[PDB]
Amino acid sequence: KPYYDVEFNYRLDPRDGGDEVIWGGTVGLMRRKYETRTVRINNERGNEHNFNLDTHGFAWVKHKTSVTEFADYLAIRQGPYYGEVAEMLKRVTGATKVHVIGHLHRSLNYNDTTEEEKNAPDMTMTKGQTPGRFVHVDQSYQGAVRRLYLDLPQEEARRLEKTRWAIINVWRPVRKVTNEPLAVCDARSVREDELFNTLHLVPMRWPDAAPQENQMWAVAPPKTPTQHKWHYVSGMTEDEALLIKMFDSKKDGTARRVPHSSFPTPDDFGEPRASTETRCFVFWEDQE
């Protein structure tokens, strides 16, 4: 198909009932209220070469990994995957150094999971992760700084912040994507006044620990299915990677942040889409 027209979940203003806390990995997040809008998502399979991290903030690349089982977090983090992702990412970006923070594995079907968790209290944590069905950027400009100093040593963070740096997510499906693909929005089609800093909390080890803290962009709804420029690539395989730019320190016109969201297509079929998204810092110690 050349495109789809699908309902997307955008920011609901608090004056109209919305809240400002994204309770990551909870049943409650699946119940969050959004301003829904229908947008056009252009299929770009066969046109991937036309999109890059500098202009649009995303790129589809061919990249073979040696890892096949992505469900075991410990197996992934000790194994070679992070280094494989980091070498690809430096190759693509021309970066000077790449530091992999971690990854999130997603394997649940959204609607299946809604109904199994219909009786669950909101703060119940799902075993596994559902797709990310809301428009967001994983880090605000503030959230990117917060992440840099939380995930890197203090001296390291201070120095790398003097040179150009960026947060890029490396999204790879476990197998050929036949349902709930991932859509990315042209960074240039959304303005700064549409971006809203939003708290993102992960209540790991409650009540012994405070929930983990992160700051996202929420996105104001468009007024037109084509105002925001949405794209995706059908049938993404585990030998292909979607690089999504969440943040870039460069303030000179280069794509700085990419709203993104999964979405169901009417032709969805098969067992639930499964994927990993690997959060990465990217440093160009020769710039800025």
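The first residue of the shown sequence is 1; numbering continues from there.
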Looking only at C-alpha temperature factors in the entry, 41-49 or 237-245, the higher average sits in 41-49
The stretch carrying the higher mean Cα B factor in the deposited entry, 208-216 or 90-98, is 90-98
In this crystal structure's PDB entry, the residue among 147, 103, 164, 200 with the greatest CA B factor is 164
Based on the PDB entry, the highest CA temperature factor among the options 158, 133, 172, 136 is that of 158
Of the three thirds of the chain ranked by Cα temperature factor, residue 279 occupies the middle
Of the three thirds of Cα B-factor ranks in this chain, residue 181 occupies the lowest
Quick tally, chain-level thirds of C-alpha B-factors: residue 113 sits in the highest
Residue 84: C-alpha B-factor third of its chain, per the entry, is the lowest
Entry-reported C-alpha B-factor of residue 65 relative to its chain, by third, is middle
